[PDB]
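The chain that follows stands alone, in the form deposited without the ligand, written as structure tokens.
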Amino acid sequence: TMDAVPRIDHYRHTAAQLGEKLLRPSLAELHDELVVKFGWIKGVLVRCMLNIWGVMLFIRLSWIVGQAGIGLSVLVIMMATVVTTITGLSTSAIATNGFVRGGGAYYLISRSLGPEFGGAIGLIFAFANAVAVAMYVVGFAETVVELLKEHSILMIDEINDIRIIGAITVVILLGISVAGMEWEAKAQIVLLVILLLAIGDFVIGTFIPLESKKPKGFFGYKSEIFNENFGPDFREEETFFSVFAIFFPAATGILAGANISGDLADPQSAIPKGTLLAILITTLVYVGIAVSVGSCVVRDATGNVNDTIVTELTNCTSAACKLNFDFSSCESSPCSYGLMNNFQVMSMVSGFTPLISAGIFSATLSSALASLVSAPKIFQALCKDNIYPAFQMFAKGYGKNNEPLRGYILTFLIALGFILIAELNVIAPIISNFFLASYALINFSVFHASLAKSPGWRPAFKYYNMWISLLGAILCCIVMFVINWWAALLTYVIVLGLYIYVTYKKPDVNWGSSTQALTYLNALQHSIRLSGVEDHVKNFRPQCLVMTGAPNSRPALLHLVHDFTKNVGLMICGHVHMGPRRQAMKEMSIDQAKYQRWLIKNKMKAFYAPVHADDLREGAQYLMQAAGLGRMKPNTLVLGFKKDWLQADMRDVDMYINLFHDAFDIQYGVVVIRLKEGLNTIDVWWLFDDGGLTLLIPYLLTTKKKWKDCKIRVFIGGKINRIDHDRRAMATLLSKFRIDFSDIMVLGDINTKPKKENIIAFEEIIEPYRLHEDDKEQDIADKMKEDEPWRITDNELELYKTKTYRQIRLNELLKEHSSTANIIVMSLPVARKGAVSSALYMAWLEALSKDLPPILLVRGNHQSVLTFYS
């Protein structure tokens, strides 16, 4: 049947080849008459879980649960979890749209809402990961240094030992990462097993209370300790929000699995479930460990065997005394340790202490490895789009699975430098702010997509309410402020600067962002609003349709039309295409884009309006009948003077004059512009009341900065002995309209016979098109029907001598008075259709406008365009 059935091969044209077996027929033919890929578990779940988990489970979780209450600590965890889950829901929604080629969160953000935000967030996120690797390596070095300092071993000052260990660790991590994407997965699995072993060791040792640890804070699940550990016992210059700020970074790292989207077996399924499961499991483990530590250890303790453990005569109505006096009465002296003074509680409540030490080692190393892997991927994805041209390179992949070795080396260098600094406690909040900004950008991506009701939003993952996403972005910003407000300001400024730079760069890319859909929707909504507004005389605007063909053919005329339309009124540059329909469609499709881009590149607020018809008359008919939307429709027809009418087929001149006639018939106002295309005052000779357009146009000219210094001087026609009366009337009328005029000149020389020379010149010019009916018999009635109506009938030439003499005399007056004007505006002669031939009308116009400064012959609708009523 030649009509192809729906087939995936038809739509598959970017990630594969359709081939000969799949090719949808075009409408014309029917019409025209004749590599490593990971699963969701090992690719998203494990990476997300390992990135989320860190030293908080073994260092600060006990301190947080002590400073705050069990209930308040659980609340802090839950609120951080809200912020991360909302972010994860938004990420899954943005990832279940189409095929994600690679990159990571940068790819999702860019393909969602445009290269500007995409590049800003991509650079920020890549830098954040490149510095996070160094921070995690520094944490590992700190843990190793503390472990060796607890013994006698040491090489150099603590800082230098930290630097050495960090450098060795970073070198090893870079080697492992360069080894490949499978070795890294094996190492991640090993580290996860070790960390789970450490967690289980802590939980097992919390169930075995050894008396030797009694002088410590550990007691072994005593309900009295639990009841005493509620409430916010803040023993410092800190508060609830300080604890929240300290803990929240422990909820981050939820985008690790989506950072390697270019290596997943199948995104759109692995990312959502993997990320959500990782968030759930990590939050559950955090809550469990918080409660466990809060039900075993007392806040304060003075570890000492000599400490009274016999519970002699006393009351000391605290939780500790409820079972024994061990680690009691340090409310005045700074007792050694406890749930609020020792950060190794997890290492003591546990069993095998080196098991917990290895758990911390794995927690830091897994995060470092994940960051080192993820940052180069984002950088290479952002570089492959050439958003920052200098960053070209750092995008070449090596081996079967394209791996950014150059990005790997760059991340290694950045991490090594930041480790060489070795003092990173002041930079962590900036990195946290960067991550929070990325989360907020993802949430805003989802919200923007839901706001712009693009039919192609079509996300495969539900449970992504737009309002929840907006609330999540707001919460991300608020949490960003809650910790290191000045860091938040710095990140905001950096993001805004990058966004502005990218917007000004205007990169050559087009992805289908929600920004374009929202632009269309905004235009549609505003047009629909405007369609319900009644038109008023004082709200009239010149809405011009300029017949120019190619808008670049005559630039002076286009600029002039722009002057009195730019920012006030509509401007449609109409172009008529002629020839066969087939090639005409392709030519119009090319020209539309070419000329719209040309206009936008020259600051012309005009609309290109191509049209295909047999002749210019029919195309202009199309435009004057249909061009426009609702109330934004042309009311004025603008033409340029047919400067070549003298040497041109009379059919073209007839078409020009017929354009005039159809413009008048359709109740349009006609503006004919005659100026020298090759490349003071404004004189307005408006002698017939067209409704005011002749005055409105030059006033709008004066409203612009190009004609601000030009003063309007008016010319009118009067009767001798009555000059002053008419001048006063014109001055009063102009004052009522509030149009400033430098001078008013009343001329009685109109209606007088022009000179003999000018009449002779007009006759000589008009001779070739004269019919000369008198010199011929009735046979001439065939020329008037075949070689006509171009021919000028002697009857009309004698019946309209007044108008011809008026045109010649008016040209004389214009030359004598307005020769020094910057622009002339004059009433456009109107010829009744059927009474005057096209050739005679063209000759009238040519005689009127010949050899003068830029001139505009204006004939308005005759509907009132000005008013003096408020």
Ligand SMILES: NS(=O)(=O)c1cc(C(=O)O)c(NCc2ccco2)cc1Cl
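The first residue of the shown sequence is 1; numbering continues from there.
- The deposited sequence places 10 or more unmodelled residues between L679 and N680.
The form deposited with the ligand bound exists for this protein as well; it is not shown, and the discussion that follows is about that form.
- Remark: open binding site. Placing the ligand in the deposited complex onto this structure by local C-alpha superposition gives no atom within 2.4 Å of a backbone or C-beta atom.
- The chain is drawn here without the ligand; in the deposited complex, the stretch among 544 to 552, 737 to 745, 626 to 634, 795 to 803 whose residues come within 4.5 Å of it by any heavy atom is 544 to 552.
- The contact residue chosen from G691, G303, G640, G102 relative to the ligand in the deposited complex is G640, the criterion being a non-hydrogen atom within 4.5 angstroms.
- Residue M578 is the only one of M585, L280, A460, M578 with a heavy atom lying within 4.5 Å of the ligand in the deposited complex.
- Remark: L659 counts among the residues lining the ligand in the deposited complex, judged by a heavy atom distance of 4.5 Å or less.
- Heavy atoms of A290 never reach within 4.5 Å of the ligand in the deposited complex, leaving it off the interface.
- In the deposited complex, the ligand sits within 4.5 Å of a heavy atom of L616.
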